[PDB]
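Chains A, C, D, B and J, in that order, give the protein sequences. Sequence positions in the first sequence follow the authors' numbering and run 1 to 360, 371 to 471. Sequence positions in the second sequence follow the authors' numbering and run 1 to 52, 52A, 53 to 82, 82A to 82C, 83 to 100, 100A to 100D, 101 to 113. Sequence positions in the third sequence follow the authors' numbering and run 1 to 30, 33 to 91, 96 to 107. Sequence positions in the fourth sequence follow the authors' numbering and run 472 to 509, 527 to 624. Sequence positions in the fifth sequence follow the authors' numbering and run 472 to 509, 527 to 624. Note that beta-carbon positions come from the ideal geometry of N, C-alpha and C, so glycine has one too. Following: one structure in structure tokens, then a few remarks.
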Amino acid sequence: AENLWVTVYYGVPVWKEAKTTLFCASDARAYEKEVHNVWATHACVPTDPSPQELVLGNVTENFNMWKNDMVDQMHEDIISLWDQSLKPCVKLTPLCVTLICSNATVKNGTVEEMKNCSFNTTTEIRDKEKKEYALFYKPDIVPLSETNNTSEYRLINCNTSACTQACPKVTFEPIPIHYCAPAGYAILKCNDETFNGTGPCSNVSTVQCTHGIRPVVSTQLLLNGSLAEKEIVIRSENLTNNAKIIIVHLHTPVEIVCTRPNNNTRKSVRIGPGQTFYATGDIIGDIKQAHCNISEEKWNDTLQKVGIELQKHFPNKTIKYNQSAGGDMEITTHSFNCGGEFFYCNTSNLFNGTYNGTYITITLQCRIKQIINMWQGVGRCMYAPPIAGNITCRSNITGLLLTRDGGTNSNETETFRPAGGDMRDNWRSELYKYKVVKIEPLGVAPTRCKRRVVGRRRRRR
Amino acid sequence: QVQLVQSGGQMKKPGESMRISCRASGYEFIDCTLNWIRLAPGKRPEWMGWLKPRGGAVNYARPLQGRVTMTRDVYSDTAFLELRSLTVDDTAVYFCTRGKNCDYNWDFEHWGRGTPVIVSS
Amino acid sequence: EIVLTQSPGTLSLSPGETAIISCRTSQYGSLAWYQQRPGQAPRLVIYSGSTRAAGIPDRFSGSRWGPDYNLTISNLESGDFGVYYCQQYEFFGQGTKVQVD
Amino acid sequence: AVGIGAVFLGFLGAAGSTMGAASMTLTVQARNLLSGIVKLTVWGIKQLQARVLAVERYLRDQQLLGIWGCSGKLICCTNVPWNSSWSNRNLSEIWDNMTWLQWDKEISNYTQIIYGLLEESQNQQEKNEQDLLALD
Amino acid sequence: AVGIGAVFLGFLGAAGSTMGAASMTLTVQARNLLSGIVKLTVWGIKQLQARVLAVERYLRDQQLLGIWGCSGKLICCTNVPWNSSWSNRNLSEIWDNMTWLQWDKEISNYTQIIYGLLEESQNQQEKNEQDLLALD
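So this is what it looks like as structure tokens:
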């Protein structure tokens, strides 16, 4: 032992658990485009060339992605960012009129998807109205009840809630958005590539800001994500619990190509003094219907690789995939946005067949909607205006969302189906490496010092 | 005050389908999973698929996956169970339940009244 | 092979004495117990193994012996008689009937 | 680490280094806690929500040093004897082993008690701030 | 009251007690002035309106100590002779009776004048910060 006395050290490098609101920072000069974006702020300006990193030797910190405080911070702020940009745009109350709809004829043909609907709309002056028409490019317009007439329809907003247009100025883009903790707080990061979602991580490093996380929104398949480093990784709270969501990470992607080969034309309807309504007016080309293309071999390899990885947790059980069970159109079909159009793809063959994992062009028909109830379920009704001309997409699938059927299956089999519907599980697949810890210079630490004598200064000790 | 109002007792023949309701009240929004359970007398309890009323995702459980279908109605705070092709063995009490809290639903603390369904040949 | 087995099938008791029900399990998972008198919705008694449910009397207790679990009920009054069900993650036991003499 | 210009992400690796060696380059944290990286929308209000708390946390730490008599000093001795009940009187053999991140769990319960004693050290000065010597 | 552990509502009984007894436990006020007990609505904006002024007032007080040479010291002597016009030169006998709440009424008009002298006192030192001695 030794004679020891109290000492004060503050400026010390130790932290504690905490949660706080986090500043956003966008990559490169995208903040200059970000002013005209939604899913992006107005704007996330960086002050220094982020990100920067330092590896901390001998540091082990406990991580958990399912109780993560950042995912609630983003989802509760993206949806708040979403309806702010939509707030000043035109509302579609005056369109709820008794629509008279008939077959949508096109050059030497007819289109099965959509209906040619006409309605009386108010002119600039309120006491006069004019006939107007537009091709609502979905058959999802409810027929009007309390009548034997089959040719009277109605826009599905007004049964439950009036909707707002998405103004042409703002653009739907998954711009990469970094999050930077404020001063006094530090963001840790787990470099352990074998991290399964919870437990100790022994390769911790600190960063100024998170990596370029982009706020993509989709269901049943994660698009344009960050791939796993070494191999396929499967992450769930508790695999034995048939509830929860089995987020999968692919270490190499499969390119999904999607398109809207029709050549549509935008039409401006004058519903009010300044308020303008945009609708698809006519088709000026041959009709070929939307679809998507995915490689047969490359995707088939993905299920074989994923199947054996699942079988590690479920020993000696053959892994079967199968079609989605049920729900709204938002989760029973692979939904996503691309180029201003909201696709809902059937997954014609991204479900099928036994895949044991022991080794012993797929075309998806896709529907399109203009009115969307936002993915969180009961949110704002938004009318996405039409986009003229063809649309084409090319994206990297990086992770699959799955859920399992139980309990009394045959003991040698197990059935897996897609999932979705909660946006937090999309972003929890990318925002899982991080923590936020408040830096607390601590209490005292004893030293061999001695009581200061009559206010005198002192060098070493 | 979260409680589940359920209705109602009924008789059926073999073969025909059946529909039961369950309303959740005293509860700000139906955001958490909602199960359905068959308490058949003289047999172990049997379980039927949960329902996540937010997105409507559903997970039909036992060999009933070819028969049961489940929906909901967010604006009325109601969930429905529908069973097709009623055999003679499907006589039991059908309970609309919910977990203790939304983080872990397998501790069913809140139950409905119980809707007895009888099938008579 | 995921099965929960309750034993014995039924207990005959004079009201005011002790009684025990078991629930053997073949998988790793949480446990809970339910009580059903005829003509009512079953109650929740204990959950997460041994912890008691809210508002339930203190007569009930349980112990996690390992892959075997046991429930012990002390000085059972007439009102607490019924049928007892085990539960894990869906999977329910065959039910044990607690009956008066 | 030896060298104090460095960066805040140049020294914090001392979080796993020896508790003795981590006492060097102690100024970089004191620099970093001030400002760091930081129409109306979400980020605009966040620059007032987070910024003001970052300032107030800094003031709370500094005024404790001011009251204790450690104003402006990173290291600072204090006239308080170390009670062996808080920890064994042999840390001189141990701060070469423990890191600062590990020392904290020794005194988690005792930290708020100890701050009273550091204040009590100051009343040995506050008692000796009215009586005799200031005629000099 | 004498003691420093205390509570902010543990010492303020000195508001009536003598200035001598009030001169001890002078630190508890310095602790309380920092933070104290503090969709968007009225209280949310009030937490930004009141909080920033609480910080602002604290800086203005420490601003004056940092200039007068009393930085970090609760008590502090200054090189200014007390002019008898401000008050009689027998307060050393009197402040066993008056409380600080009563003393302030006497120097109410003269407080802003006195701060000039304390500033001048530092600038007897600042005038002596260029000429001779500190070749070392």
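Inside the segment 380 to 466 of chain A only - beta strand (DSSP E) runs reaching at least 3 residues: As far as the segment 380 to 466 of chain A is concerned, its whole beta strand (DSSP E) runs of at least 3 residues are 381 to 383, 391 to 393, 401 to 414, 423 to 428, 444 to 449.
What did DSSP end up calling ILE601(B) once you bin it into helix, strand or coil? As a first step, residue 601(B) must be located in the fourth sequence, where it is residue number 113. Helix at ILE601(B).
Interface residues of chain D around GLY199(A) at Cβ under 8 Å? To locate residue 199(A), count along the first sequence from 1; it is residue 199. Under the 8 Å cutoff, chain D gives no residues; its nearest Cβ is about 17 Å from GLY199(A).
Hey, how far is the Cα of residue 180(C) from the Cα of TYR49(D)? Residue 180(C) lies beyond the residue range present for chain C, which begins at 1 and ends at 113; the question has no answer from this structure.
Mind pulling the chain C residues with CB within less than 7 Å of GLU424(A)? By one-based count along the first sequence, residue 424(A) stands at place 414. Result: empty, since nearest Cβ-Cβ is about 13 Å, beyond 7 Å.
Under the three-state DSSP convention, the category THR587(J) falls into: Sequence index remark: in the fifth sequence, residue 587(J) carries index 99 (1-based). Here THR587(J) sits in coil by DSSP.
Which chain D residues sit within Cβ distance under 7 Å of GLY106(C)? On the second sequence, position 114 is the one that residue 106(C) refers to. Residues of chain D passing the Cβ test: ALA43.
Under 7 Å between beta-carbons, which chain D residues line up against residue 122(C)? List them in chain order, please. No answer is possible for residue 122(C): it lies beyond the span of chain C, which begins at 1 and ends at 113.
First through last residue of the beta strand (DSSP E) which encompasses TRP15(A): Here residue 15(A) corresponds to residue number 15 of the first sequence, with the count starting at 1. Membership of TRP15(A) in the beta strand (DSSP E) is indicated by the continuous run 15 to 17.
Please report the distance separating the alpha-carbon of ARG24(D) from that of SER65(D). Residue 24(D) sits at position 24 when you count from the first residue of the third sequence. Residue 65(D) sits at position 63 when you count from the first residue of the third sequence. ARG24(D) and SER65(D): Cα-Cα distance of roughly 12 Å.
What's the gap between the Cα of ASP592(B) and the Cα of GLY453(A)? Working through the fourth sequence from its first residue, we reach residue 592(B) at position 104. Working through the first sequence from its first residue, we reach residue 453(A) at position 443. Those two C-alpha atoms are separated by around 7 Å.
I need the straight-line Cα distance from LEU605(J) to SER572(J), nearest angstrom please. The residue you call residue 605(J) lines up with position 117 of the fifth sequence. The residue you call residue 572(J) lines up with position 84 of the fifth sequence. So the two alpha carbons sit approximately 14 Å from each other.
Please check the pair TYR28(D) and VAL47(D), which I expect to be a contact at CB under 8 Å, by giving their CB distance rounded to whole angstroms. Mapped onto the third sequence, residue 28(D) falls at position 28. Mapped onto the third sequence, residue 47(D) falls at position 45. With 8 Å as the limit, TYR28(D) and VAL47(D) do not qualify as a contact, their Cβ atoms being about 22 Å apart.
Residue nearest to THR107(C) in terms of C-alpha spacing, selected from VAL2(C), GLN3(C), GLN1(C), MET11(C): Mapped onto the second sequence, residue 107(C) falls at position 115. Per the Cα distances, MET11(C).
Kindly list, in the order they appear in chain B, the residues whose Cβ is closer than 8 Å to that of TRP5(A). Translated into the one-based positions of the first sequence, residue 5(A) becomes position 5. Against chain B, the beta carbon of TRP5(A) has neighbours under 8 Å at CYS565, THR566, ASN567, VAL568, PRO569, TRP570, listed in chain order.
When burial is assigned at 16 or more other CB atoms within 10 Å of the CB, is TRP531(J) buried or exposed? The sequence position of residue 531(J) within the fifth sequence is 43, counting from 1. Burial check for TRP531(J): the Cβ neighbour count within 10 Å stays below 16, so the residue is exposed.
Do you know whose CA, among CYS98(C), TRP100B(C), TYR74(C), lies nearest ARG23(C)'s CA? Within the second sequence, residue 23(C) is the residue found at index 23, counting from 1. Taking the Cα of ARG23(C) as reference, the smallest distance to any Cα among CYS98(C), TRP100B(C), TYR74(C) is reached at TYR74(C).
Taking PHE100D(C) as part of the beta strand (DSSP E), name the residues at either end of that continuous run. Here residue 100D(C) is taken as the residue at index 108 of the second sequence, counted from 1. Unbroken beta strand (DSSP E) run through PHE100D(C): 100 to 103.
Between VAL509(B) and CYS44(A), what straight-line distance do the alpha-carbon atoms span, to the nearest angstrom? Along the fourth sequence, one-based indexing puts residue 509(B) at 38. Along the first sequence, one-based indexing puts residue 44(A) at 44. In this structure, the straight-line span from the alpha carbon of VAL509(B) to that of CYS44(A) is close to 12 Å.
Just the C-alpha distance for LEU620(J) and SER559(J), rounded to the nearest angstrom, thanks. To locate residue 620(J), count along the fifth sequence from 1; it is residue 132. To locate residue 559(J), count along the fifth sequence from 1; it is residue 71. Between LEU620(J) and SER559(J), the alpha-carbon positions lie close to 25 Å from each other.
Given that a residue counts as buried once 16 or more other Cβ atoms are within 10 Å of its Cβ, and exposed if not, what is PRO45(C)? Sequence index remark: in the second sequence, residue 45(C) carries index 45 (1-based). Buried, by the Cβ-count rule.
In terms of residue numbering, what span does the beta strand (DSSP E) encompassing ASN97(C) cover? Position 101 of the second sequence, counting from 1, holds the residue named residue 97(C). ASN97(C): member of the beta strand (DSSP E) spanning 88 to 97, first to last residue.
Does any CB atom of chain B fall closer than 8 Å to the CB of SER494(J)? One-based indexing of the fifth sequence puts residue 494(J) at position 23. Closer than 8 Å to some Cβ of chain B, the Cβ of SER494(J) qualifies, so yes.
From what residue to what residue does the beta strand (DSSP E) around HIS313(A) run? By one-based count along the first sequence, residue 313(A) stands at place 313. According to the DSSP assignment, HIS313(A) belongs to no beta strand (DSSP E) but to the alpha helix (DSSP H) extending over 296 to 313.
Could you tell me if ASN337(A) is buried or exposed, where buried requires 16 or more neighbouring beta carbons within 10 angstroms of its beta carbon? By 1-based counting over the first sequence, the position of residue 337(A) is 337. Buried, by the Cβ-count rule.
Quick test of the definition: if touching needs 3 or more C-beta pairs under 8 Å, does the segment 116 to 127 of chain A touch the segment 92 to 108 of chain A? When Cβ pairs closer than 8 Å are counted between the two stretches, the segment 116 to 127 of chain A is seen to touch the segment 92 to 108 of chain A, the count reaching three or more.
Measuring only between beta-carbons, confirm whether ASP549(B) sits less than 8 Å from chain A. Reading the fourth sequence from its first residue, position 61 is the one you call residue 549(B). Yes, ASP549(B) counts as interfacial toward chain A.
Mind reading off the beta-carbon distance from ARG260(A) to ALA290(A)? Whole number of angstroms is fine, and I expect it under 8 Å. Translated into positions along the first sequence, residue 260(A) becomes position 260. Translated into positions along the first sequence, residue 290(A) becomes position 290. Your pair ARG260(A) and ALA290(A) checks out as a contact, with CB atoms roughly 5 Å apart and the cut at 8 Å.
Assumed close pair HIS178(A), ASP27(A) - CB separation to whole angstroms, cut-off 8 Å: Within the first sequence, numbered from 1, the residue matching residue 178(A) stands at position 178. Within the first sequence, numbered from 1, the residue matching residue 27(A) stands at position 27. That belief holds up - the Cβ atoms of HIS178(A) and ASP27(A) are roughly 7 Å apart, short of 8 Å.
Chain-ordered chain A contacts of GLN27(D) [CB-CB under 9 Å]: Here residue 27(D) refers to the residue found at position 27 of the third sequence. Within 9 Å Cβ-Cβ: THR240.
In the DSSP assignment, find the unbroken beta strand (DSSP E) run with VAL104(D) in it and report its ends. What you label residue 104(D) is simply residue 98 of the third sequence in a count that begins at 1. Looking at the DSSP string, the run of the beta strand (DSSP E) that includes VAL104(D) is 102 to 106.
Quick one, which residues of the segment 58 to 81 of chain D are near chain E if we go by CB-CB under 9 Å, in chain order? No chain E is part of this structure, whose protein chains are labelled A, C, D, B and J.
Assign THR83(C) to one of three DSSP states: helix, strand, or coil. The residue labelled residue 83(C) in the question sits at position 87 within the second sequence. For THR83(C), the secondary structure class from DSSP, reduced to helix, strand or coil, is coil.
Is there contact between the segment 63 to 80 of chain D and the segment 11 to 23 of chain D, where contact requires at least three CB pairs shorter than 8 Å? As far as the Cβ criterion goes, the segment 63 to 80 of chain D touches the segment 11 to 23 of chain D, which means the pair count is three or higher.
In the DSSP assignment, the alpha helix (DSSP H) including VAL540(J) goes from what residue to what residue? Counting from one through the fifth sequence, the residue named residue 540(J) turns up at place 52. Note, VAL540(J): alpha helix (DSSP H), 530 to 556.
Would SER218(A) and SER335(A) be called neighbours here (beta carbons separated by less than 8 Å)? If you number the first sequence from 1, residue 218(A) lands on position 218. If you number the first sequence from 1, residue 335(A) lands on position 335. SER218(A) is a Cβ neighbour of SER335(A), given a cutoff of 8 Å.
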